[PDB]
Each structure stands twice: as structure tokens, then as C-alpha cells.
Amino acid sequence: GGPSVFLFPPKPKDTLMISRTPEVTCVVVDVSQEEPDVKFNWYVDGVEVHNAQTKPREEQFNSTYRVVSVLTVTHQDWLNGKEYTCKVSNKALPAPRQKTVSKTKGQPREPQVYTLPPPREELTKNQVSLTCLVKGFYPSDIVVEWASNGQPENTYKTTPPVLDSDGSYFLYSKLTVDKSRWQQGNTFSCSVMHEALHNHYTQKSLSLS
Amino acid sequence: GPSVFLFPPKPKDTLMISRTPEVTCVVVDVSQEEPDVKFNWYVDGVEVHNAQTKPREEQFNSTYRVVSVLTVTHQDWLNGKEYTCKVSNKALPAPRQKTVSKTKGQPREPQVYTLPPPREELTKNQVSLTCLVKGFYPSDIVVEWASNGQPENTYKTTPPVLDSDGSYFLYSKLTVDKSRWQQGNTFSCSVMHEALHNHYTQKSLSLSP
Ligand SMILES: *[C@@H]1O[C@H](CO[C@@H]2O[C@@H](C)[C@@H](O)[C@@H](O)[C@@H]2O)[C@@H](O[C@@H]2O[C@H](CO)[C@@H](O[C@@H]3O[C@H](CO[C@H]4O[C@H](CO)[C@@H](O)[C@H](O)[C@@H]4O[C@@H]4O[C@H](CO)[C@@H](O)[C@H](O)[C@H]4NC(C)=O)[C@@H](O)[C@H](O[C@H]4O[C@H](CO)[C@@H](O)[C@H](O)[C@@H]4O[C@@H]4O[C@H](CO)[C@@H](O)[C@H](O)[C@H]4NC(C)=O)[C@@H]3O)[C@H](O)[C@H]2NC(C)=O)[C@H](O)[C@H]1NC(C)=O
Ligand SMILES: *[C@@H]1O[C@H](CO[C@@H]2O[C@@H](C)[C@@H](O)[C@@H](O)[C@@H]2O)[C@@H](O[C@@H]2O[C@H](CO)[C@@H](O[C@@H]3O[C@H](CO[C@H]4O[C@H](CO)[C@@H](O)[C@H](O)[C@@H]4O[C@@H]4O[C@H](CO)[C@@H](O)[C@H](O)[C@H]4NC(C)=O)[C@@H](O)[C@H](O[C@H]4O[C@H](CO)[C@@H](O)[C@H](O)[C@@H]4O[C@@H]4O[C@H](CO)[C@@H](O)[C@H](O)[C@H]4NC(C)=O)[C@@H]3O)[C@H](O)[C@H]2NC(C)=O)[C@H](O)[C@H]1NC(C)=O
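1. Focus: the nonpolar core
If you look at the biggest cluster of nonpolar residues, it comprises 24 residues, and the most contacted ones within it are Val24, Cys26, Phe40, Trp42, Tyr84 and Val88 of chain A. Every element with two or more residues in this core is listed here: strand 1 (4-8), strand 2 (23-31), strand 3 (38-44), strand 7 (65-72), helix 2 (75-80) and strand 8 (83-90) of chain A. Aside from chain neighbours lying at most four places away, what touches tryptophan 42 of chain A is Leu7, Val24, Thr25, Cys26, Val47, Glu48, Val49, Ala52, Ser69, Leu71, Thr85 and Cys86 of chain A. Judged by nonpolar contacts, the second largest core, of 21 residues, contains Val30, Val43, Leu70 and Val87 of chain B.

Laid out in C-alpha cells, this is it:
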């Protein structure tokens, strides 16, 4: 039971947000200490690449080694459907262990986004919750965030994706705001980024009417 | 050697008079060399003997798996009693034990708010009614719908999500027909949680105006 390889995809935030840089990460574990120097080979649609940043053999608590390599991807390359292979070689193993990862397959379904105001029985309280329903999207990789009067917010929570009755997912975002600022005529904005949208972004608005 | 895992009753079982809640003791990794296992059950440090120990399962790993189920009283589980499963073998240097009890913390009753379908959703034949349930501790809860008294089969609920103040929240979504929403049919979101009166509350919705 020697080396074990695990390949992880980039984070949806990174793939969807232009200014970021998404990464694909190869993790080798249980590298035992007789022969602990491991060599990485990276392939993109079967073409070798060499621009990954391989880390040095970190130690572990179970007196095993854990080596990591990070390959930079370009946004459109990941969302075009290319496939990323990590082939890992170590002196103590029969034939190099390999793993591939690529974008979740299935025909992309675009999310419908809706904004829900506070219920009637919540106005008695000091703070009110605005709701953002995001439903009908596939794949499940999604980013949702709020912003009020042009500039961001931090005070919000988003449920994990929930599989719906028809192979699509949905989620809810919640934003706690002060009833004073809600009923004094301020606009809030729910914004979602997902691969199937126009410019990978759309946003709905909410404001007392 | 073996491994013991003690699992608590399901929340539905505890919250519902009709159901019967159970604590489940699982033992894994029991070698075929000495494969006979036995259970002692203690409740608040008092030995019970009314458990239902099953025969010893076989497993693919070339190991065995034994299970023992103990019935509990609804009120007993909700009073904070502690449930100990003491497992002894022959290849065990000494008996292993696990204990389990209610999630400790100060119970906080949930707030239930019903939400109608958004402005821009009403162009479709199908319409989403949403239950917001917030500010409850612990996370163990059971949410279900009904319309005009009759149970619904077609709703999806979020996992519990931790909020900024240690309490949890969740959202439940029932999909019904535009026709039957516009038809002044009342729907009802009901929630069962230990911190409520009668471990139950219900808030309803319909085309109010
Ligand atoms: C020695 O120690 C090392 C490290 O120590 C570890 O960390 C410290 C904190 C300790 O306290 C301990 O917690 C722990 O020991 C151990 O290294 C760990 O080893 C395990 C297995 O040996 C790794 O595997 C994990 O497995 C699950 C699920 O993944 C697949 O593999 C399972 C096989 O065991 C299988 O049962 C699953 O079903 C699943 O199978 C996959 O299924 C899909 C289906 O869609 C299929 O397509 C795949 O082909 C199939 N793959 C198969 C079969 O191989 C999971 O728990 C692990 O991923 C995450 O695990 C943790 C949860 O987040 C987290 O620790 C990890 O970081 C990882 O999270 C991701 O990390 C990357 C970068 O690291 C990051 O970019 C991501 O954002 C992040 N994601 C999230 C959500 O956080 C993993 O798949 C563990 O990964 C591995 N952990 C580490 C840190 O190396 C070692 O086992 C010990 N050895 C011994 C002998 O004890
Ligand atoms: C032989 O095979 C058996 C079984 O085969 C298994 O299933 C088949 C399908 C295979 O294909 C494989 O998938 C798999 O091998 C193997 O036996 C299994 O072995 C593992 C570990 O050896 C057991 O692990 C699981 O453990 C989690 C929690 O893990 C605890 O320990 C971790 C470290 O070991 C630690 O990191 C965790 O945090 C956790 O530790 C606890 O943490 C809490 C934190 O609050 C703390 O309070 C505790 O004090 C602390 N305690 C300890 C000791 O660490 C456990 O939660 C899992 O239980 C449920 O979830 C599984 C799915 O993830 C599910 O399969 C289980 O059946 C179980 O399901 C529950 O069942 C009850 C009643 O039956 C029901 O009421 C629940 O609703 C239900 N819930 C769910 C979600 O299913 C899990 O147990 C496995 O239990 C164990 N046996 C199984 C899976 O039957 C064995 O390894 C194989 N042999 C070899 C050599 O490998």
C-alpha cells in the first residue's frame, strides 16, 4: 500500500472570476521513507506541460511523506472541457500512478435567480433577512454574493447546492440587514456567477416597493 | 483490533410520538480468529438488557461487522440521558466502550417564516414556495409541508447551515402549480424541533390578497 494520488480541480471562484488564476492540484500521500523523491509529469489533452510548481516533500504525522504539485490553468481552457493529467513516479512503485480531472460533464443548465423580501411577520424584529433563490442550475459549481448600493457585503450565508427533482441544483443565500436601512429605501443586489450565464454573471435587485 | 461507533436516534424518531427512536452500536474490524462479540448496555450508568443484538455480518474486507440496537423513550432521549455501549471480544486487550447523548447546548426555538413566490417567477406554470427556518439550536430538526391538511410528497430541504450566532438555519422549497397557487389554496410549512411547544409549529400561506 504505497503512494496514493488524488487530483483536485480548481475552485469555482477562480475559474469564473477573470482576475483570478485557477489551479489544478496533485496530492501524493503515504510516500514511505525508503524511497521518498517523487517526479511529476503534467499533461493537457495529451500534451506535456512543464509550468507546474512542485512543492518539496512535506512531512506528516503518520511518519509518511506528502508531496504536492500545482498546475496553473487558463480560465477558458478549464471551461472548454480540457483534461488535466498528473502522472506521478517514485522509486518504490511498479508502474507510475496517474490521474486525470476535467470539468463536470453534462449539458450546462443556466440558473434562474430570484430575490425574496422579508416576510410580513419579520418586520417586528430589528434585523430582517433578504433571500436569494438560485434554482435550475447545472453543474453545481456556483458563486453567489451580495452587494448593497454598488459596494459589497460580507454579512451573508449560502446553503450548499441541493439536488432538485430534475437533475438540476438549487440553493439559497441569506443576507441579514438592519430593518432601518431596508425600509429607508435602499437597494440590495444578489449576484451569481456560473458557467452557463452571459459573461458568467447575472444579478437581481431588491428594494422596498 | 475492532472499532466501535455509537450512533444516536434519528431526529424524526425522537420528535414524533408514533415512531420509536433507537441508539445503534456498530463494531467493525473484528477478526475471524476470535470473532464472537458481546454487548453490555448502560443508560445513565444503569445496565439495561432489552437491546436487539443482530447476528454477526460478513464483510468484503474479509472482516466481520456486528450491530446492536437499543430502543429509547422519546422523553428519555430528550431529557439528556446518556447511552453507553460496552463491547468485549477476546482479541480485545480490554473492552472498548462508546457513549452518546443529546447534543448539549442551550436549546433555542426556531423561527419559521413562509415566503411567497417571487414577482418574476409567476410567468411559469410552476411556482416555488419557500420556508425559512432560522435561529434554532441544536441542528436536529424535521421540516415538512402540507396543503389543505393533506401531506405533500414533493419538497426539498437544505442541510442545516451554521449562522453568525451559533444557531442554525435552513430553507425548504415546495414546488406547486401556478393554477393551484392562484386558486387561493392554503399551504402549510410545519417544523418539529425539541425547543418548541409540543415540538411542533406550523405557519401557513396562500394568496393573501
Ligand atoms: C497519513 O496522513 C495523511 C494526511 O494526514 C491527514 O490530515 C491530518 C489533518 C490528519 O489529522 C488526518 O486527518 C489525515 O491523516 C493521509 O492523507 C489522506 O489520505 C486519504 C486516503 O488515504 C486521502 O483521500 C481522501 O478521500 C476522500 C474521498 O476521496 C476519494 O477517495 C476515497 C478512497 O479512500 C474514496 O472512498 C472516496 O469515495 C473518493 O473516491 C472518489 O470518488 C469519486 C466520485 O465522484 C471518483 O470520481 C474518484 O475517482 C474517487 N477517487 C478514488 C477512489 O481515489 C476525501 O476525504 C479526500 O479529499 C479531501 O479530504 C479532506 C476533506 O477536505 C481534506 O483533508 C483534503 O485536503 C481534501 O480536500 C481538498 O484538498 C485540496 C488540496 O489539498 C484542495 O484544493 C481542495 O479545495 C480541498 N477540498 C475540500 C472540500 O476541502 C481525499 O479524496 C486524503 O485526501 C489525504 N489527506 C491529505 C491531506 O493528504 C493519509 O491517508 C495517512 N495515511 C495513513 C496510512 O494513515
Ligand atoms: C470492512 O468494511 C467496513 C464497512 O464497509 C464500508 O461500507 C462499504 C459500502 C464499503 O464499500 C466501504 O465504503 C466501507 O469500508 C469498514 O468499516 C467501516 O470503517 C470505517 C472506519 O474504520 C467506519 O467509519 C465512519 O466513521 C464516521 C466517523 O468517523 C469517526 O472516526 C474518524 C476517524 O476514524 C474521525 O475522523 C471522525 O471525526 C469520527 O470521529 C468522531 O468524531 C465526532 C465528531 O463530533 C466525535 O464526537 C467522536 O467522539 C469521534 N469518535 C471517533 C472514534 O473518532 C462515522 O460517522 C460514519 O458513520 C455513518 O456514515 C457512513 C457513511 O459515511 C455510513 O456508511 C455508516 O453506515 C454510518 O451510517 C449511519 O448508520 C446509523 C445506523 O446504522 C444511522 O442511524 C445513520 O443515519 C447512518 N448515517 C449515515 C450518514 O450513513 C462511518 O461509520 C465505518 O462506520 C465502518 N463501517 C460501516 C461503514 O459500516 C471497514 O473499514 C472494512 N475493513 C477494512 C479492513 O477496511
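2. Some remarks on the domain arrangement of chain A
Residue and element names in this part refer to chain A. Domain parsing of chain A yields domain 1 (3-102) and domain 2 (103-208). Domain 1 and domain 2 are separated by 34 Å when their C-alpha centres are compared. Across the boundary between the two partners, domain 1 contributes 10 residues, which contact 11 residues of domain 2. Buried area between domain 1 and domain 2, summed over both chains or domains, comes out near 870 Å², and the portion from carbon and sulfur atoms is 64%. Here domain 1 and domain 2 share 1 salt bridge between them. A salt bridge links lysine 13 to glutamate 145; the nearest nitrogen and oxygen atoms lie 3.6 Å apart. At the boundary of domain 1 and domain 2, one finds 1 residue pair in polar contact. Within the residue set of the side of domain 1 that touches domain 2, elements represented by two or more residues are helix 1 (12-16) and helix 2. Here the side of domain 1 that touches domain 2 is built from residues that sort into 5 nonpolar, 3 polar and 2 charged.

3. Side note on the sheet that holds strand 13 (residues 150-151) of chain B
Strand order in the open sheet made by the 4 strands is 13-12-17-18 (chain B), with antiparallel pairing throughout. With one partner strand each, in any of the chains shown, strand 13 and strand 18 (201-205) of chain B form the two edges of the open sheet.

4. A few points about the UniProt feature "domain: Ig-like" (unreviewed entry) in chain B
All names here are of chain B. With numbering matched to this structure, UniProt assigns "domain: Ig-like" (unreviewed entry) to residues 16-101 and 110-206. Summarising residues 16-101: 6% helix, 50% strand, and an end-to-end C-alpha distance of 18 Å. Across residues 110-206, helical content stands at 5% and strand content at 52%; the span's end C-alpha atoms are separated by 22 Å.

5. A closer look at the interface of chain B and chain A
Listed as interface residues are 27 residues of chain B and, on the opposing side, 25 residues of chain A. Interface area, chain B with chain A, both sides summed: about 2,300 Å², of which 61% is carbon and sulfur. Of all residues in chain B, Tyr113, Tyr171 and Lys173 of chain B bury the most surface against chain A, accounting for 24% of the area lost on that side. Counting every contact that joins chain B to chain A gives 3 salt bridges. Two residues, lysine 204 of chain A and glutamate 120 of chain B, come together in a salt bridge whose shortest N-O distance is 3.6 Å.

6. Considering the site of ligand 2
Residue and element names in this part refer to chain B. Near ligand 2, the surroundings consist of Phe5, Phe7, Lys10, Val28, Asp29, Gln59, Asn61, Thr63, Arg65 and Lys98. Within the side chain of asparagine 61, an N or O atom sits 2.4 Å from an oxygen atom of ligand 2. At the level of secondary structure, the elements contributing two or more residues to the shell around ligand 2 comprise strand 1 (3-7) and strand 2 (22-30). In the shell around ligand 2, the residues fall into 3 nonpolar, 3 polar and 4 charged.

7. Some remarks on the UniProt feature "domain: Ig-like" (unreviewed entry) in chain A
As recorded in UniProt, the sites labelled "domain: Ig-like" (unreviewed entry) are residues 17-102 and 111-207 of chain A. Counting secondary structure, residues 17-102 of chain A comes out at 7% helix and 52% strand; the distance between its end C-alpha atoms is 18 Å.

8. Quick look at the site of ligand 1
Residues and elements named next belong to chain A. Inspection of the region around ligand 1 gives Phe6, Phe8, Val29, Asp30, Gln60, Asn62, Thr64 and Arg66 as its neighbouring residues. With respect to ligand 1, the side chain of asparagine 62 contributes an N or O atom lying 2.4 Å from an oxygen atom. Here an oxygen atom of ligand 1 and a side-chain polar atom of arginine 66 are 3.2 Å apart. Those elements giving two or more residues to the shell around ligand 1 turn out to be strand 1 and strand 2.

Rules used in this analysis
- Residues numbered from 1 in each chain as written, not as in the entry; some residues may be left out.
- Chains lettered and ligands numbered in written order.
- Heavy atoms only, no water.
- Core = buried A, V, L, I, M, F, W, Y, C linked by side-chain atoms within 4.5 Å.
- Buried < 20%, exposed > 50% of the residue type's maximum accessible area, 1.4 Å probe, protein only.
- Helix = DSSP H or I, 4+ residues; strand = E, 2+ residues; numbered from the N terminus.
- Contact = heavy atoms within 4.5 Å.
- Domains from an automatic or database assignment.
- Buried area = accessible area lost by both parts, 1.4 Å probe.
- Salt bridge = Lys/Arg side-chain N within 4 Å of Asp/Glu carboxyl O.
- Polar contact = N/O pair within 3.5 Å; in protein donor to acceptor, adjacent residues only side chain to side chain.
- Nonpolar A, V, L, I, M, F, W, Y, C, P; charged D, E, K, R; others polar.
- Pairing = 2+ DSSP bridges.
- UniProt positions renumbered as here; feature names shortened; annotations may be inferred.
- Near = heavy atom within 4 Å.

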